[PDB]
């Protein structure tokens, strides 16, 4: 029996859509990943143990002799000593700090753990922070709301096998986030010809004209969506809807109003 590398996965201030995205993986599927490639040693959404049995599983993984990698989903609520986000009676910021200390590497799955995410959007009532900010350490960011499983599983496999991938200024692997959404968009020839839909009901919209006039953030958003698709079938612009910019830091405040460019 060859030892599989240990992965500890934490959920903080999150919607679980990142965990859901992760299990949409098909190269490999999630069962093959966790039976053959990694040892997923703590994962609240799917683990059998609950309560103190689950907390013990976490502590056993953190003390494992072969070490472990840390995946973090969700931002960290810091108001009131971190008490607005707790697990097993401990503030999320305290547990994440402890788990991060000994980690062989830290992967932030999603815009919330990478950058703060939806709970950090103004006026940020919980004083939410991204993981790097909260902990004061570099993180490998896999953003998107949620990221493509291709990007997250690809990053995980890359870290385990090849090394830490080249990151951009926002911590994102260039393998997946190196190109603008817009540069790979099938509607680009419409953009180039100034062929824009003025509304969703318009004939231009029906003909699949560019969505820039309807707020599309593709030209300022780094992600691989048109190249790889979601669920092997679609992506938002193909479904007739502008890109929200959801892999960009603080997009909730920098990319709104979503249906305009102003």
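Positions refer to the first chain, counted from 1.
Comparing the deposited coordinates for 28-36 and 231-239, the stretch with the larger average C-alpha B-factor is 28-36. Relative to one another, 209-217 and 61-69 have unequal mean CA B-factors, and 61-69 is the one with the higher figure. Between the residues 182, 122, 138, 172, the entry's highest C-alpha temperature factor is the one at 138. The residue among 131, 101, 86, 109 whose C-alpha carries the highest B-factor in the deposited model is 101.
Ranked by Cα temperature factor within the chain, residue 78 sits in the middle third according to the deposited record. When the modelled residues of the chain are ordered by their C-alpha B factor, residue 151 lands in the middle third. Among the modelled residues of its chain, residue 189 has a C-alpha B-factor that falls in the middle third, as given in the PDB entry. The entry lists a Cα temperature factor for residue 164 that places it in the highest third of the chain's modelled residues. Per the PDB record, residue ranking by Cα B-factor puts residue 157 in the highest third of the chain.
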